[PDB]
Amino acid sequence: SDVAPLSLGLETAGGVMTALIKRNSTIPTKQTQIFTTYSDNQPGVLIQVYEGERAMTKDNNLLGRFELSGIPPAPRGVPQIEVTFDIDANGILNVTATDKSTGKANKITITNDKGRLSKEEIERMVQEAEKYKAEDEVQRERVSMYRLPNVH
C-alpha cells in the first residue's frame, strides 16, 4: 500500500511533538488516542496538528490548528479529549477532537494542496531528524521521566 511520507501528530504540553501516525505507516489508516488537561479547571485545549520527525513542534511543520473550549472544571488529568487522526488513500488527513464530558466535538480537514511538501523537501526533513537524533532522543527520554514533588 502507500505510506505516510512524514510522521503526523499533535503538540502536547511543553511544545512536545506527539506522533499519532508514524512515518512509513501504511495508509489509509486511522489512529484514536485519548488526551487530558494539563492544569486544574483547564477550560480548553489547543489542538495543533504537525508533520515531521523532530521531537519538539517548534521544529516541525504546522498543518492546522483549532481550539476546543467548554470543558467542565475538573482536576487536572480527569477530562478525556478523544483525538482521531484519519488518513485516506490519497493522503488527505481529517483530525477530530471530542470532549467526552459533553460530546462537543471539533474537526478539521487537511487537504493536499499547493503549500504542501515535495519529495525533496520531505527527504530533507528526514535528514534533519537524523542530524538531531541524539539530541531529540534526550528530549523524548526527558518527556518520559516521572516528576517528583517539591520540598516544604
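Numbering starts at 1 and follows the sequence shown.
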Checklist entry - Quick one: is residue 114 left out in at least a third of the other entries we compared? => result yes
Next on the checklist: Does the comparison with other PDB entries of this protein show residue 25 lacking coordinates in a third or more of them, where both adjacent residues are built?
Outcome noted: no
Checklist outcome for this item: The stretch whose C-alpha atoms carry the larger average B-factor in the entry, 9 to 17 or 138 to 146, is 138 to 146
Checklist entry - Per the PDB record, is the mean Cα temperature factor higher over 110 to 118 or over 59 to 67? => result 110 to 118
Checklist entry - Of 105, 83, 87, 49, which one's C-alpha B factor is largest in the deposited record? => result 105
Item to check | Residue with highest C-alpha B-factor in the PDB entry, from 45, 34, 93, 126 | outcome: 126
Item to check | Third of chain Cα B-factors occupied by residue 30 | outcome: middle
